[PDB]
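Residue numbers (PDB author numbering), protein chains in the order written: chain V, 10 to 139; chain Q, 87 to 172, 182 to 227, 242 to 245; chain K, 6 to 117. We put the CB at the ideal spot given by N, CA and C, even for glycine.
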Amino acid sequence: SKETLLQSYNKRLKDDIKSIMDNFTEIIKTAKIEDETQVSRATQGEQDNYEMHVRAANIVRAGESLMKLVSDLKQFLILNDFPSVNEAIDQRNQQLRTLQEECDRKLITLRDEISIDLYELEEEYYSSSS
Amino acid sequence: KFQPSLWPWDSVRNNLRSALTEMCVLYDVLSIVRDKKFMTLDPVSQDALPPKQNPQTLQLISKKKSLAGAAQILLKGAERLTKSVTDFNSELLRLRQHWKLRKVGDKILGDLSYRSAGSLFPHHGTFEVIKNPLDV
Amino acid sequence: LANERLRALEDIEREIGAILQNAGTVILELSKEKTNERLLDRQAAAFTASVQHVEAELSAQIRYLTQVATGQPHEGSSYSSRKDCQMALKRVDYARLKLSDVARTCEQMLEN
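Put into structure tokens, the structure is as follows:
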């Protein structure tokens with residue numbers, strides 16, 4: 010339903026913000042240097058490098074998901090935000106009415122001028138001697 | 087030499103299966119260690135002398151390199167977003192500004208008939224909207 | 006119409022700014038010497054302010070969308086006015102063609 014879709018959007022937003030914050034905080038925490046005990050410097054360093062790269066990838070993925078959320082929200086607004094549909098419909102209607110009225114005024118003035126010319130031509134043609 | 091039709095993503099499988107071999111080596115060695123037969127354990131007190139101050143300097147250079155790679159992937163994604171934003184929903188703006196639209200399921204449909212304008216014509220004008242920027 | 010959409014565009018740009026501020030902060034932390042630790046604090050506050058107001062804008066817009074959603078397909082339209090405008094324009098076109106024909110017969114009469 011509409012409620013269900015809006016809830017789902019809220020869930021996605023909360024999840025994305027939470028993920029960006031958590032990944033950044035975890036990267037900062039690993040960035041701490043600590044004294045080693047039973048971790049074998051080389052292994053500890055490679056594991057830390059992998060963790061940082063994976064978390065950065067996760068942050069970028071969360072940003073892409075936030076872009077997807079913004080796009081979905083834009084689609085919902087363009088499709089069913091009733092006020093803006095009403096202002097678009099009304100503006101379209103008023104513009105088309107003004108164009109119709111301009112066309113009809115042009116046609117009516119054309120008819121009157123053509124009618125006066127027709128009167129002159131009728132007098133000339135019917136009163137021709139031949 | 088042939089594999090289940092995976093001609094891209096083969097080298098990732100090589101690295102992952104090499105990891106799978108050495109992880110099976112770890113499971114193997116700790117399992118045969120875990121039984122008393124075929125492998126045994128002896129507690130030995132032995133000590134090592136570190137020739138250089140290894141945790142300080144090694145943790146330093148490794149953490150600066152790790153933070154370098156992390157900032158690289160982050161800022162590369164950032165500039166990808168910059169070039170990525172610099182067109183579909185603008186055409187949906189224009190199309191909704193002229194036409195009557197709705198959404199059912201994932202599909203986005205539109206009405207083409209004058210039934211909003213008063214015709215009781217037994218034919219629905221449902222046209223689909225298809226991203227291809243936009244088509245009908 | 007341009008208002009809420011421009012808000013969505015701004016939130017797009019600020020998501021980019023959030024990622025760039027993350028990247029700039031770890032850029033400054035990766036430096037061998039990072040003298041501008043005050044600027045590190047400024048970039049950190051910039052990052053957190055970006056994430057927080059992105060959350061604020063998107064939460065506000067989901068709330069506003071919750072207030073004006075109906076689940077019904079909006080039975081309004083603007084078809085009849087477009088139809089009448091098309092008929093008016095085709096009246097004008099018909100009169101143009103007929104005036105061309107009358108002017109052509111007048112040119113044939115005056116031409117001799």
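What first and last residue would you give for the alpha helix (DSSP H) that runs through residue i?
i, result
"Q:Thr221", "Q:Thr221 -> not in any alpha helix (DSSP H); beta strand (DSSP E) instead, spanning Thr221 to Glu223."
"V:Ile36", "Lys11 to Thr39"
"V:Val63", "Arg50 to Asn89"
"K:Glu34", "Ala7 to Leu35"
"Q:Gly155", "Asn140 to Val171"
"K:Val97", "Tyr84 to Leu115"
"K:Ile67", "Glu42 to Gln72"
"Q:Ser97", "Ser97 to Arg120"
Would you check if the distance between the CB atom of residue i and the CB atom of residue j is smaller than 8 Å?
i, j, result
"V:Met61", "K:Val56", "no"
"Q:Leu127", "Q:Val115", "no"
"V:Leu15", "K:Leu63", "no"
"K:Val73", "V:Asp81", "no"
"Q:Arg197", "Q:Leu204", "yes"
"K:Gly81", "V:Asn95", "yes"
"V:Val79", "K:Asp89", "no"
"V:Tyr18", "K:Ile67", "yes"
"V:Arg106", "K:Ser86", "yes"
"residue 187 of chain V", "V:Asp25", "In the structure as shown, chain V begins at 10 and stops at 139. Residue 187 of chain V is therefore absent and cannot be evaluated."
"V:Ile42", "Q:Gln145", "yes"
"V:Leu127", "K:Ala100", "no"
Just to confirm the assignment, what range does the beta strand (DSSP E) spanning residue i have?
i, result
"Q:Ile203", "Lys202 to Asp206"
"Q:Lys198", "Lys195 to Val199"
Who are the Cβ neighbours of residue i in its own chain at under 8 Å, not counting the five residues just before and after it?
i, result
"residue 125 of chain K", "The displayed coordinates of chain K run from 6 to 117. Any statement about residue 125 of chain K would go beyond what the structure contains."
"K:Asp106", "none"
"residue 179 of chain Q", "Since the model of chain Q includes 172 and then 182 but nothing between them, residue 179 of chain Q has no atomic positions to report."
"Q:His218", "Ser208"
"K:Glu20", "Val59"
"residue 61 of chain Q", "Only positions 87 to 245 of chain Q appear in the structure, and residue 61 of chain Q is not among them; the question remains open."
In its own chain, which residues sit with a C-beta less than 7 Å from the C-beta of residue i, not counting the 5 before and 5 after it?
i, result
"Q:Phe124", "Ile118"
"Q:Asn184", "none"
Is residue i near the ligand GTP, going by C-beta to nearest heavy atom under 7 Å?
i, result
"V:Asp25", "You won't find the ligand GTP in this model; it holds no ligand whatsoever."
With a cut-off of 8 Å, do at least 3 Cβ pairs link the region 6-14 of chain K to the region 146-164 of chain Q? Too few Cβ pairs lie closer than 8 Å, so no.
Can you find at least 3 beta carbon pairs, one from the region 45-53 of chain K and one from the region 11-28 of chain K, that sit closer than 8 Å? Taking a cut-off of 8 Å for Cβ pairs, the region 45-53 of chain K and the region 11-28 of chain K touch, as three or more such pairs fall below it.
The region 93-112 of chain V in contact with the region 185-193 of chain Q per 3-pair CB rule at 8 Å: yes
The region 47-57 of chain V in contact with the region 132-139 of chain Q per 3-pair CB rule at 8 Å: no
At a Cβ cut of 9 Å, what residues of the region 138-161 of chain Q count as close to chain V, listed as they run along the chain? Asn140, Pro141, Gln142, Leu144, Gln145, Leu146, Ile147, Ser148, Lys149, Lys151, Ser152, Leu153, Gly155, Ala156, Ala157, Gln158, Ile159 and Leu160
Please list, in chain order, the residues of the region 109-137 of chain V that have any C-beta partner in chain K closer than 8 Å. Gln109, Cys112, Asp113, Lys115, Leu116 and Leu119
Could you please tell me which residues of the region 17-29 of chain K, in chain order, have their CB closer than 9 Å to any CB of chain V? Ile17, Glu20, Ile21, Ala23, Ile24, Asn27 and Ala28
Give a yes or no on contact between the region 90-102 of chain K and the region 218-227 of chain Q, applying the rule of three or more CB pairs nearer than 8 Å. no
When you check each C-beta in the region 59-75 of chain K against every C-beta of chain V, which residues fall closer than 8 Å? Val59, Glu60, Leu63, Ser64, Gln66, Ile67, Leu70, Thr71, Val73, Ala74 and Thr75
Residues, ordered as in the chain, of the region 82-101 of chain K that lie near chain Q by beta-carbon distance below 7 Å: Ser82, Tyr84 and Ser85
Chain-ordered residues of the region 190-206 of chain Q with a beta carbon less than 7 Å from chain K: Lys195 and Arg197
Interface positions of the region 25-57 of chain K facing chain Q (Cβ-Cβ less than 8 Å), listed along the chain: Within the region 25-57 of chain K, the qualifying residues are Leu25, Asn27, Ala28, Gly29, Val31, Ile32, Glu34, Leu35 and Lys37.
Going along the chain, which residues of the region 61-91 of chain V sit with their C-beta nearer than 8 Å to a C-beta in chain Q? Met61, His62, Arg64, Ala65, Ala66, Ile68, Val69, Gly72, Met76, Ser80, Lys83, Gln84, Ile87, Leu88 and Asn89
Specify whether the region 33-42 of chain V and the region 54-72 of chain V touch according to this definition: at least 3 beta carbon pairs, one from each stretch, less than 8 Å apart. yes
Using a Cβ cut-off of 7 Å, which residues of the region 29-51 of chain V contact any Cβ in chain Q, in chain order? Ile36, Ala40, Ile42, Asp44, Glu45 and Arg50
Near-chain K residues of the region 88-102 of chain Q (beta-carbon distance less than 8 Å), N- to C-terminal order: none
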